[PDB]
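A single chain comes next, written as structure tokens; it is the form deposited in one PDB entry.
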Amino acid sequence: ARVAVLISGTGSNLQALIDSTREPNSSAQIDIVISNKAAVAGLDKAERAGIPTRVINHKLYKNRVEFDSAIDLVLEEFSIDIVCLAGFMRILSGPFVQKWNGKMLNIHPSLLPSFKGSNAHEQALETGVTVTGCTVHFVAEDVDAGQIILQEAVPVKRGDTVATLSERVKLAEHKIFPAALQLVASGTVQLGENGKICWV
């Protein structure tokens, strides 16, 4: 299966996916990396790995649908089968999500359904949980509400900050995102016709 990875920043999740998809038994190949932001470290990581990159600046588009259309054009250019959102921070439009239904995965740094949104660690710390984690899910129109593929729990230590908690949770993200991508790319896991996860 042919994979696009969408990023907005550092790209540690991208790097873990590069490493995993290059293992001999990988059912996935990363063929394009798309950032909505110029000059982020994730682009350097892609270039170092010899993977093509595109920058599609959302600020240059009148609305989400036009921006998503520009992304979709590149996905078609590279005959992409599966999209991974890896630190990509834009909400995607309904029609784009529908087109890619069952083919698009996101990593989120909480145990969904807790702490949806862009500041999950801030929320986890404010709430005072002692266990947080990360989630890979299929992307549905409602943000962070699509079907869960894998999760991993991560402890919150007393005195944690976003810096220390995010660091600990990223170690888990780097395990479950490659594992989830392999499950979907191999056809082991799919989004069922009933909209529920199906393990074949």
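A residue's number is simply how far along the shown sequence it sits, counting from 1. What we label the rigid core is the largest C-alpha set whose atoms superpose within 1.5 Å from one form to the other.
- When the two stretches 105 to 113 and 91 to 99 are set side by side, the higher mean Cα temperature factor goes to 91 to 99.
- When 131 to 139 is weighed against 57 to 65, 57 to 65 comes out higher, by mean CA B-factor as recorded in the entry.
- The residue among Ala172, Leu165, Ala145, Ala41 whose C-alpha atom has the highest B-factor in the PDB entry is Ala41.
- Within the listed group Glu47, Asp31, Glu152, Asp160, the record reports its top CA B-factor for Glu47.
- Per the PDB record, residue ranking by Cα B-factor puts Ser12 in the middle third of the chain.
- The deposited CA B-factor of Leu191 belongs to the highest third of values across its chain.
- Sort the chain's modelled residues by C-alpha temperature factor and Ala1 lands in the middle third, per the entry.
- Per the PDB record, residue ranking by Cα B-factor puts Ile82 in the middle third of the chain.
Not pictured, yet referred to below: the form deposited in another entry.
- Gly159 is among the residues whose C-alpha shifts by 2 Å or more between this form and the one not shown once the rigid core is aligned.
- With the core held fixed between this form and the one not shown, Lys103 has its Cα displaced by under 2 Å.
- Core-superposed comparison between this form and the one not shown: the CA of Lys62 exceeds or equals a 2 Å shift.
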